[PDB]
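Look below for two forms of one protein chain, each set out as structure tokens: first structure 1, then structure 2.
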Structure 1
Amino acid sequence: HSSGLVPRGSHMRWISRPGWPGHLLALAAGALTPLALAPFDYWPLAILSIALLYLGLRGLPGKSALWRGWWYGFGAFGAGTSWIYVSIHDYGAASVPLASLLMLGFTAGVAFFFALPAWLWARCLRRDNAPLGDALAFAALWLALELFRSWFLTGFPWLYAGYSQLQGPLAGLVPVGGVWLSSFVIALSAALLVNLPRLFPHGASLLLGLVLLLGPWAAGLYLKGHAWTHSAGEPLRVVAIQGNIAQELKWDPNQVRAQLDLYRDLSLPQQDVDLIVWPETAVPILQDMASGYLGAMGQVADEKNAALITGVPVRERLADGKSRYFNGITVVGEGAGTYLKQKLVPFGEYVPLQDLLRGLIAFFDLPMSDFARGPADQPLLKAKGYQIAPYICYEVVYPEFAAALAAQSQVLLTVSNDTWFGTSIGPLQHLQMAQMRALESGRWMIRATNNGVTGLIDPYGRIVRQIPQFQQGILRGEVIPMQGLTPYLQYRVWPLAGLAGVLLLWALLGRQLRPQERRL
């Protein structure tokens, strides 16, 4: 049998005990997670962060476990996504005290994405006396935890631990089970290293712990660089245009026309290529009222035997009066199709509780928007006879959602505007998650940005071609259409999710099961 409590005199009990020291370690532990992500990319920190949290929950009761999970999550988001403050301050025009209070509220609320599972772990799931089962149960809890984060309210799938393995040794597992399997193995390892000393007395158990600990790592390295997809056709020559049109939230007539003339003038001279791509809302005019600018741009592409792909605000006139808006992208030239954004950022593209909050937002002079969600099932964009999966801005962040469109495609395309966050680590984290989509999908991704990290991503998630951010530039490069299905795109989460459900159900039942001192 095993208690698990560290022997007295080791200076390690405060970690797993109720009180402020254990919470402060958890706060710092959570703050490691951005370190393991881009741009720092110290991926072993991801294991340490989770290992520290797992250890800090060992003896803990439910009420203090909940708050210790809140402190961990507060450190993760307070350090990992605090960069959201830049958009609110610099482009929302809010003062620093105001913007600080908003971000303080946000990360304190978002920190409950780690508080709730911690509380669930303590009250119902944790088995301190079974080291091997506890590690599996914790890993399977980590999956549920991130899966829940993708779904709840609108979802905030930021800082998944799995993204640290994009260029890490576990990159071989990402095409197999997605970012989900990557997070699962990082948590599983982290709990095994904690409980590994407890298996030293026992040979067979320790051996089994070592296979579970290092087996998947070996499997990830063995599968690193393996191509599950095959060439579908001749390479496409791609030109992406990055015009640092200063974001003006008050959108004014004289700067609009200079946008239309900037993107045109930059496209014409480019010697013939297969694809011209423009970033998010590259043409600022509504789709219906830009027939002239759009129509001319198609013939310019036609003379260049090319397809032009650009983001454009799209309007829908209802039967009664006023319109409805969408953040769309459309294709002209050698191609067709128009895609409408489905995932909308709350408080950026729309107001989630507009009736109460509208007046409140207005008194503090905060920007508001009224974009609407795209339909459930939309066709893919067509360009030179190929199926191009479209992603606008942070739709790339939702892995299950991305996989549905990534399948049934031969190339991946995203246009996004990272201007809002400036020189912070947001755009790099955002970009990193875009590369994971290429690695899960075994497809090339074209990423054109209004100003931040435009590039071409090979099917291994590696950035083969890119241009400097924060300056006007053009990216010339070649991407290859891809055929075939990765295992992750074939089966998605369900194989791993079912395994996790079993492990959670086992732990839940096994925690309360009589250990062969049966009453019957």
Structure 2
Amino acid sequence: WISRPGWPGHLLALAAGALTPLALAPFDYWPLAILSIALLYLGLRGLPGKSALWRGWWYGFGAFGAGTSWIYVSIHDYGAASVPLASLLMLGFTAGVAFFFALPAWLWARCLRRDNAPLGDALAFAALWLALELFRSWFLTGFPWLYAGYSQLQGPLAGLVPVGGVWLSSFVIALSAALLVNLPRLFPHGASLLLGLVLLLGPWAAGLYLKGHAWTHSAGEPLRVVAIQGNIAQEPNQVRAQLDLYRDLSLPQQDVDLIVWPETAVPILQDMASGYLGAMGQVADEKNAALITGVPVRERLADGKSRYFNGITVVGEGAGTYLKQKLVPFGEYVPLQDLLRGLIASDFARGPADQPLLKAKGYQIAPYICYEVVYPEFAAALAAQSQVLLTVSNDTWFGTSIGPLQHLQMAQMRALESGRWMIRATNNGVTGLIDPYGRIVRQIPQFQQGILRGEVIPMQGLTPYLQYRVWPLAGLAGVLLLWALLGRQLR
């Protein structure tokens, strides 16, 4: 009755979708990520296109409702919203984002093969799953949240994360879930049962063997890191209060190499901060350290106009000013403003792709501002030809609940995916250091005014995911989606 249309199967997909947060942020129970995909694969078995779109919608409604439930905290606290209004707004987002799972489930019903399902279909569902995750990361601005692959960060597939990224982890989980469903119709046939076990067990044996493997060389003697966070919340009179606070926590520090300040640590633009940032560079020079801080960067145009960017700059022992490439749709700009800005009755602009890295202490550092970390293909380009990873972010916008913890799990994955140390400096949310294996070595408690002291090692060499990015896996997926497309076309 699970695979037959109507409500009984719809409501199973809700609870199946709702198991996504359990496999991910604090809980990290990875087996539940396999149940979610298996119950959806079995739930879609016999459905026509008319009701298969709604099973996928009811699965995404459960996944994004429970998994992104932190969004309700953002609407309530920082959106000045009452409980019934915030329940409605969160319900409007969840129902819209739930179509990321509705479309592929509908298209699945038109690529789905039950007759040869035992093997061809399990491979085809993994290919369909990788395709919808890749679709999520781009479609409008992208919504790369709740990927199945992040479940295995501390699990047995952590050896495949450096090989294939979060993509390969999600591919194996989707393949393994669909194979279990097809397993009882396998064993009567010895040949297909043996091949099904190599497809099921093969990647998990390879993942455990490759766990903790060092793909990246040691690049030199470690840099001593100092990260400053401060609890600024919704605050121009207090500009001088912030400049004093960040400086006063840096000056007593000694035996330092890197000093890292989170997103918009200096609230004034770097044009008006030239005297302050030069004075902080001299403070950094006598410590023989570099000061890496976020600042808004303004570009004067040829007209009487200005172009504002969300930047990160380095003074003292390092150089370069990086601008944020990809932004948040209604937080940092207005999409289709000539239309939607007349209906909104918001600031920044996009940064260039030809940007260089940030040089500090002679090493290269790949900057990431806010959630640019959640985009796996974009981060891999910066992580390559970079010795150290650094992310400068402001997590107060998410809220007090799960936002930073899910976001931090994605930042650990990028370090595991590149085999690089990451310096995560946040204004309120989790600040810490992450080793090449995705582990959190040092972290200061959130929602407090702390200082973090640590050591990161620059990393040389390269990771198989940084060499061949998702193309080889996405190519295999396109072939697996063709054999399913032509297998139905030929019948």
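For the two forms, the rigid core is made up of the largest set of C-alpha atoms that agree within 1.5 Å on superposition. Just so we're on the same page, residue numbers count up from 1 along structure 1's sequence.
For the set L266, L428, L221, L102, which residue undergoes a C-alpha shift of 2 Å or more between structure 1 and structure 2, given alignment on the rigid core? Looking at each option in turn, only one qualifies, and it is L102.
Check your understanding: Would the C-alpha of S416 be classed as shifted by 2 Å or more between structure 1 and structure 2 after rigid-core alignment?
Key -> For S416, whose C-alpha is compared between structure 1 and structure 2 after core superposition, the shift is less than 2 Å.
Q.
Tell me whether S87 is among the residues that move between structure 1 and structure 2 (Cα shift of 2 angstroms or more, core superposed).
A. Yes, its C-alpha moves 2 Å or more.
Could you check, with the core superposed, whether the Cα atom of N305 shifts 2 Å or more between structure 1 and structure 2?
After core superposition, the C-alpha of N305 moves less than 2 Å between structure 1 and structure 2.
Upon rigid core superposition, what is the positional shift of the Cα of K63 between structure 1 and structure 2, expressed in Å to one decimal?
The shift comes out to 1.2 Å.
Superpose the two forms on the rigid core, then give the C-alpha shift of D128 between structure 1 and structure 2 in Å.
-> With the rigid core fitted, the alpha carbon of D128 is displaced 4.5 Å between structure 1 and structure 2.
In Å, how far apart are the CA positions of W43 between structure 1 and structure 2 with the rigid core superposed? Taking the core as reference, the C-alpha of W43 is shifted 0.7 Å.
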